[PDB]
Structure formats: C-alpha cells, structure tokens
Amino acid sequence: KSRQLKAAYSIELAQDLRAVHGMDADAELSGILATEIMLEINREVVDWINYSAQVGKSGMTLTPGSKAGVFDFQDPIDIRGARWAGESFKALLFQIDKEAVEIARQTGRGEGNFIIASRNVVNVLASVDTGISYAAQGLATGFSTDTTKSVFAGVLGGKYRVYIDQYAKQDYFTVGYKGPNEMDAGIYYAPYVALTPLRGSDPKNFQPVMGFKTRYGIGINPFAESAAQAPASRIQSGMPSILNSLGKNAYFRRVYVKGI
Amino acid sequence: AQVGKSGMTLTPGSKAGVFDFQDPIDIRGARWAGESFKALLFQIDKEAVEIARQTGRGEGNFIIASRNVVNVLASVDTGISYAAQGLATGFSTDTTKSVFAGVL
Amino acid sequence: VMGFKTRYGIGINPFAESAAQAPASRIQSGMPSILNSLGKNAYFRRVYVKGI
Amino acid sequence: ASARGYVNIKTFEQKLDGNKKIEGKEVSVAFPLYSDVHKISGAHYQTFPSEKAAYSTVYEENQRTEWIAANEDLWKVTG
Amino acid sequence: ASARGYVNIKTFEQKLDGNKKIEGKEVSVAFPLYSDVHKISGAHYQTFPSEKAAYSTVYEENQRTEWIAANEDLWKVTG
Amino acid sequence: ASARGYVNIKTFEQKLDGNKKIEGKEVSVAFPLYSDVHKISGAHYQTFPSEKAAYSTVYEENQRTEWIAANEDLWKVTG
Amino acid sequence: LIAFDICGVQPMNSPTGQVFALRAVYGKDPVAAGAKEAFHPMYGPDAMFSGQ
Amino acid sequence: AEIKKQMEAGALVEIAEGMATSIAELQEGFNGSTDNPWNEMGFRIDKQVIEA
C-alpha cells in the first residue's frame, strides 16, 4: 500500500520570503513533506500494535475479585493491600510481570520484553524501586519520563524495554514480545519504496511543484492469534482487520490503568 | 501557569489543582511524614513531565514555591528510598540570605 | 512554452496633493488612485492645445 | 467592534462662572478614529486604552465627523 | 466598510455529476477576515483586491464564522 | 459473489456536444471480469477495490459479454 | 530577589518589538479553520492523510 | 472625436496599470483558479514581388 504528499508552491512566495525572512520556501517544504510521511508511518505501526492487542488482566491473569481489564491503584485487591506509593507501585510491577508470563504462554516464543506505555505509567515505574525491597519511592531516576529528547525511556528491572507512547489516549500500558528475528514480532512493517522525490512545474504558468511517494505493506504473523487450530480459506490476507487481528494478537496484551 | 494536578496529572479521587497532605488519595494512602512527604515528590515529577508534553522543549527545570513546600522537601529523603524524614538539610529555608534554595 | 515577468509598482510623492494639512487616516496608500492622484498632483500641470 | 481597541476619554466637571459649568463626559473612541482626529488639550481630563469601549457612548470608526463634533462638545458650557 | 479593503472572490459554474452542479458565487470578504480564514482552492475561481466590496454579498471582519461557513459553501453541490 | 472482490467503477457525467451527454454511472464489476475486459481509459472516471460490490448494479464473473456491452455503454452519448 | 532565572529577557532598544512564528500546516490550505498543524507536541500525525 | 472631447474635458482619461500580484500568481488555473490565461504574442512574415 502507498503514501504520497505534495507541496505545490508559488514563485512569488519564494521571492518575497527570501527577500524578507531569508527562508528558501522550497527547501522548507520538501523537508516538511518527507518528515510528515515518516511520522505518519511510525504512528501506523504503533496503532496496529495496540489494535491487535488482547485485553490484558483478563482470563488467566485475573484476581477473581478484580474489575476484569483495568489495574486500579485505589482498589485494595489490585494493589494487594498495599500502602503509600512505596508499597503500592510495586503491585503494578507485579501485574506487568504476570502479563509478560501470559504472553509467553500464548506465543510460545518468549515473555513480553518491552512495554509501550503512557507517561503516567513510566513516571510510576521511574519513581519506584523495581528490585525486591521492602518498599521505596522518590524522585524519578532510572527511566526518562520525557518524549522530547527520546521515545525510549529505559529498561525496567533490566528486563523490559520501556518506551513512552507520547500520544496515549487514556492511560495504559501494553506488554509485548519481540524476538531477535524479523519474523517473530507479531506486527510487521515491510517497506518497498520510500521517499522518491518527484519534481516539475506547470508549463502554463511555470509554477513549481514537487512531492514524494512511497509503498510499504504491513502484516500479521501466521499464528499471531495463536489460539486458532487453523485459518479459514487456506490462502488468506495477512493484512490486519476485524476478522484476523483485532483483540487477537498473542504477542501483545493491553492493560488499562487507573488511580495513578 | 495552568492548573497542575489536573487532566492527565489528576488522580481520579483528587481535587484538581491542590495537593492535600491530609488527603489519603494525594498521599497515596501514606501515614508518616517519612512517607507522605515523598508523595509530594511524585506529584512534582508528574507536573514536570506535562510541561515537556505541552511545550515540546523539555521537562520543568525549576520550582517556585512557598517556604512550607521547601521545608517539606528539605526535610525528606528525595532519592528513591524506603522512607525518611528529619531536620532540614541541603536547601535554604531562610529568605534572608537568598531566594534560590538549592536544587531538588 | 516560455514567458517573462516583472514586479514593480508606481508611487506618489508625499505632499504631492498640496491640499491638506492632515491626510486622512494618517497611514494611507502611496499608490495612485482615482481619489488621491487623478487631477491632483502639484508637481505636474497639463494644458491641451488647439489650432497649431 | 473596531477590533483595534478604544481610547477611553473622561472629562471632569469644571467651574467657570456663577451658574456656568462644563459638564463631565465619559466617551469611548475607536482607536483609529482617535488617532486620525482629536482636540483634547487643556481640557481637565483623563484617558486610557482598552480592548472594548469602557463607556456606553462610543464613537465607532465609521463616524469621523460625529467624533470631531464630540471633541468640541467637551468644552460646552451650561447652567 | 472594513477600511482594510476586501478580497473579492468569484467562482464559475462547473458540472459535478448527473443533475449535480456548483453554481458560480460572488462574495467579498474583509481582507483581515479572508486572511485569517479561507478554504478556497481547487474551486474553479478568480480573486482580486479592492478598496470597497466588488460584490453584493459582503462578509465583514466581525462576522467571522458566517464567512467561514460561506466559504466552505462554495463547494455545495445542488440539482 | 465473485469472492475475489470487485472493482467499483464510477463514470462522471460529462457534456459531449450540443444537447449530447454521457450519463454518469456507478457499477461494480467482479474483479476477474474487470481484469478480463474493460474499456475505461480516457473515460472521466474513478475506481477503487472492495470485498463486496459497492453498487446496486453488479456484473458478476459469469457474465463476460454483459459487461462488455456495459463497457461500450459508458461511452454512449444521449440526449 | 529571584532575578530573572525563571524567564527570558529579550531587552529592547526601541519600543514595541515583534516576534514571528512558524507552523507546518497540512490539508491543502495553510490558512484555514481546521488547518491542523503537523508538528504540534500534543497531537499525532493524521496517519490516514497521505494514505487511505 | 467624441472620445477625444471627453478626454480633453477630463471626463474619461487615459490610464495604465499592472496586475495585482495575487492575480498574476494564479494565472492559467494555478491552484484551481479558472479562465485566467496569460496574454500572448507571435509574428506574421509576409512578402511582395517585383517583375521587370
């Protein structure tokens, strides 16, 4: 599947802009177009990871008296009777670790080894002692809590690569598994053509034009659902949809969080 | 300044813009100065994080605060540790020598 | 396909109207118009002739 | 709304003679109108800027001569 | 008048589909209004500046949203 | 259904001559049928893929010549 | 005093200064209602803009 | 003759003027504009013959 963007800018603007602000107008616009395309693409991948994720803290990962899908810091069951943040934040770590195990149970490839989460979740992780200790809390240390300098925040317990979803809609974390192979991720991004510039001008009025075009393709790992014994129709699309990835991808589990 | 401890930085049971040390939601259920003072540090970082979210330039770099807030910070172990409180140490608390009172 | 273009503008000398002590609105166009230059510019006077 | 702000003008009552006074007046003048023409000097007054007219009597930019007359009126003497 | 001049916009009739057309429209928009918001592009149109509205339908600066809607309406397709 | 999806074809109504027009039409053609034969090139058209026919008029794969007549028809000019 | 360690200064040697600002705007018309900004820190890209 | 008299009287007078820059930037349908072509020019090369 393709993507493309155009600039199509006027001459008089470039002339006046240079005269007054010193900007080129051509260079600025080509910069923007190429940049925008890559930003849009990266978001597409993240959205598919969450789209296809299973509901976490569900089924075999539930405490029977729980709310079925959300980790609530104000709920004494979810926080295991914990007090202050020093004992309570660790309860979230327990649910995270429990989710990672469930990912291994369903994928058969490995335990969740990365976390994509909201800024609030990461600040919670950064501000708590994640090792085994009575309790502890304080100013955030181990994980960047920013998004400005980097998306990658740090490694949780030396176990999970934590990234911040700078656009998290609510507040949540997704625990996911990624193997060493490009065939072991559940979600794939497979580029074919990228950022080929096209240039010209319309020979009636000579106004310059330009734009860029790409072609990628995405897909779902055979066995991503994992539970199914067999696919329908034998020869099937690997492109994600309602009938093949939504809420099914064994590589990911999304747990909502509340009470932070 | 915008109201902090609001929207993304608001705990659902909190009061929107105020951190009350006697309120179990704000202090995360804590009991003891050695625990509740640290809870304030947590909220401070949440505010710093949002500044980065909205400005796109960086996390908050400074705090302007009352004497009471500074004494709370001054008297608590600000690192990640089990629990601790005592006499104020590394921050100015007076306002006769200077306005600047160290770095949190 | 080919062609040429220019950009220039033609202005008016401040005080050319020589008929006001306070030009309306204090910031006004220096370009010629029906209202500010037609038959008014003190620097030029035109006379038609006949009978030569 | 002029959307250019207003100049808020206040004239303070003056005592001129036995049974003769200049009444105080409170008006707002569209900024560009004030900028174009005014006649306020030696008048026993105060002025200030605002986003919106501070007074109920406002001279919007599309007035010109009503405002000019209004300036002369700031000197009017009555009983 | 806006006293800032106007952007005069004219569209020309175009056929869109069977029994679907966009009729030409003639509007004049206070310059600062046009400048703040416009969505005219791709419309089969012409524009020009003027000191006074060139057209019978004029949108003054303080009309803001009447104009924005009026501009998007240049694309309305009717029988 | 074709079970291979459809090509959804829209021909935009256009004027050809004095009181002569090619009527706009929206049809769906079984993907393999469209691939087999089509005459939509230079036609003032737009197409897209779908899993099911997007339109009420559909040329199913087991039609061959009905679709061929239908293609010729998209070039037919009437009153 | 707190000096100015918490603010910018940009001192002036003339009255009334001005600052410009640039926004990358998508959706054909850069100046329009609904003219979403490309690099605003609070908003993601319209992933379905260049695509479907 | 009638036109010349009106010119003499100042009733109707000669004028020359360029295009607004915003019109020129849109010619020949740039950005969806319409019916706005550039004005154009060419040549004619003709001949005459002389017998002896």
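Residues numbered from 1 in each chain as written, not as in the entry; some residues may be left out. Chains lettered and ligands numbered in written order. Part of a larger assembly, values for the part shown. Heavy atoms only, no water.

cryo-EM is the method the PDB entry states for this structure, with the resolution given as 3.4 Å.

Caption draft 1: Structural detail: the overall build of chain B. Counting its secondary structure elements, chain B contains 2 helices and 0 strands. Rg of the C-alpha trace for chain B: 14 Å, near the compact-globule value of 13 Å for 104 residues, within the 12% margin. Judged by the C-alpha coordinates and their principal axes, chain B covers about 35 × 35 × 20 Å. Long-range pairs, those at least 24 residues apart, make up 41% of the contacts in chain B between residues at least 6 apart in sequence. Carbon and sulfur atoms make up 55% of the accessible area of chain B, which amounts to about 5,900 Å² in all. One finds the centroid of the 10 positive side-chain charges in chain B at a distance of 2 Å from the centroid of its 10 negative side-chain charges. (Helix = DSSP H or I, 4+ residues; strand = E, 2+ residues; numbered from the N terminus. Rg over C-alpha atoms; globule rule 2.2 N^0.38 Å. Contact = heavy atoms within 4.5 Å. Areas by Shrake-Rupley, 256 points an atom, 1.4 Å probe, with all protein chains shown as cover. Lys, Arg positive; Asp, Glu negative; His and termini not counted. Charge placed at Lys NZ, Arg CZ, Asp CG, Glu CD.)

Caption draft 2: Local environment of the sheet that holds strand β5 (residues 45–50) of chain E. Residue and element names in this part refer to chain E. Taken in spatial order, the 4 strands make up an open sheet running β5-β1-β4-β6, and their pairing is mixed. Strands with a single pairing partner mark the edges of an open sheet, and in this sheet they are β5 and β6 (57–59). The sheet shows a mean angle of 20° between the axes of neighbouring strands, direction not considered. Across the sheet, helix α2 (residues 65–72) touches β1 (6–11), β4 (26–30) and β6, and the angle it forms with β6 is around 130°. (Pairing = 2+ DSSP bridges. Axes fitted to C-alpha atoms, helices over the stretch in contact; angles between N-to-C directions.)

Caption draft 3: Structural context of the interface of chain A and chain B. Taken together, the contact pairs 28 residues of chain A with 29 residues of chain B. Looking at the side of chain A facing chain B, the largest losses of area belong to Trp84(A), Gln137(A) and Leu139(A), adding up to 32% of the total buried there. Counting every contact that joins chain A to chain B gives 0 salt bridges. Where chain A meets chain B, there are 12 residue pairs in polar contact. Every element with two or more residues in the side of chain A that touches chain B is listed here: α3 (84–107) and α4 (119–126) of chain A. Counting residues per element, the side of chain A that touches chain B draws most heavily on α4(A), which supplies 5 residues. (Buried area = accessible area lost by both parts, 1.4 Å probe. Salt bridge = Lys/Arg side-chain N within 4 Å of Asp/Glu carboxyl O. Polar contact = N/O pair within 3.5 Å; in protein donor to acceptor, adjacent residues only side chain to side chain.)

Caption draft 4: Fine view of the arrangement of the chains. No other pair of the 11 pairs of chains in contact has as many contacts as chains A and B. Left apart from each other, chain C and chain F have a closest C-alpha approach of 25 Å. A minimum C-alpha distance of 47 Å separates chain D and chain F, which share no contact.

Caption draft 5: Seen up close, the side chain of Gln54(A). Residue and element names in this part refer to chain A. Structurally, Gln54 can be placed in strand β2 (residues 53–55). Since its relative accessible area comes to 10%, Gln54 is described here as buried. Non-local contacts of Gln54, meaning those with residues more than four positions away in its chain, are made with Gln106, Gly247, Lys248, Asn249, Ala250, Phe252, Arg253 and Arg254. (Buried < 20%, exposed > 50% of the residue type's maximum accessible area, 1.4 Å probe, protein only.)

Caption draft 6: Local environment of the packing of helix α1 (residues 33–55) of chain B against helix α2 (residues 67–74) of chain B. Residues and elements named next belong to chain B. As a packed pair, α1 and α2 sit with axes 9 Å apart at the nearest point and diverge in direction by 110°. For the element pair α1 / α2, the angle class is roughly perpendicular. Considering the relative orientation of α1 and α2, their crossing is left-handed. Between α1 and α2, the residues in contact are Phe37, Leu40, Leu41 and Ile44 and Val69, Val72 and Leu73, respectively. Across the contact of α1 with α2, the residue classes tally to 7 nonpolar, no polar and no charged. (Parallel < 35°, antiparallel > 145°, perpendicular 65-115°, else oblique. Left-handed = near helix turned anticlockwise from the far one by under 90°. Nonpolar A, V, L, I, M, F, W, Y, C, P; charged D, E, K, R; others polar.)

Caption draft 7: Geometry of a nonpolar patch on the surface. On the surface, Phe62(B), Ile64(B), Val99(B) and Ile2(G) cluster together to form a nonpolar patch covering roughly 360 Å² of accessible area. Overall, the relative accessible area of 46% leaves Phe62(B) in the partly exposed class. (Patch = residues over 30% accessible without salt bridge, like charges linked within 9 Å, V, L, I, M, F, W, Y side chains within 5 Å.)

Caption draft 8: Seen up close, the pairing of strand β4 (residues 25–30) of chain F. Residue and element names in this part refer to chain F. Two strands pair when backbone bridges link them, and strand β1 (residues 6–11) and β4 are joined in this way by 6 bridges, in the antiparallel orientation. Paired with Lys10 across the two strands is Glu26, which belongs to β4. Inspection of the sheet shows β4 paired to strand β6 (residues 58–59) by 2 bridges, in the parallel sense. Residue pairing in the sheet places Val29 in a bridge with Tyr59 of β6.

Caption draft 9: Seen up close, the sheet that holds strand β6 (residues 57–59) of chain D. Residue and element names in this part refer to chain D. A sheet is described by the order of its strands in space; here 4 strands give the open sequence β5-β1-β4-β6, paired in mixed fashion. Only two strands of the sheet have a single partner each, and these edge strands are β5 (45–50) and β6. Adjacent strand axes in the sheet meet at a mean angle of 25° when their direction is disregarded.

Caption draft 10: Summary view of the packing of aromatic side chains. Taken as a whole, this structure holds 23 aromatic pairs over all chains when the rule is applied. Note on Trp48(A) and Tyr51(A): the rings are 5.0 Å apart at their centroids and 75° apart in plane angle, and the pair reads as edge-to-face. Linking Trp48(A) with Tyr51(A), this pair stays in helix α2 (residues 26–52), spanning 3 residues, or about one helical turn. Residue class for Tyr51(A) comes out partly exposed when judged on its relative accessible area of 27%. Put simply, the rings of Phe71(A), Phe73(A), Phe89(A) and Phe42(B) pair up and form one aromatic cluster. (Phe/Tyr/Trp six-rings, centres within 6.5 Å; stacked < 30°, edge-to-face > 60°.)

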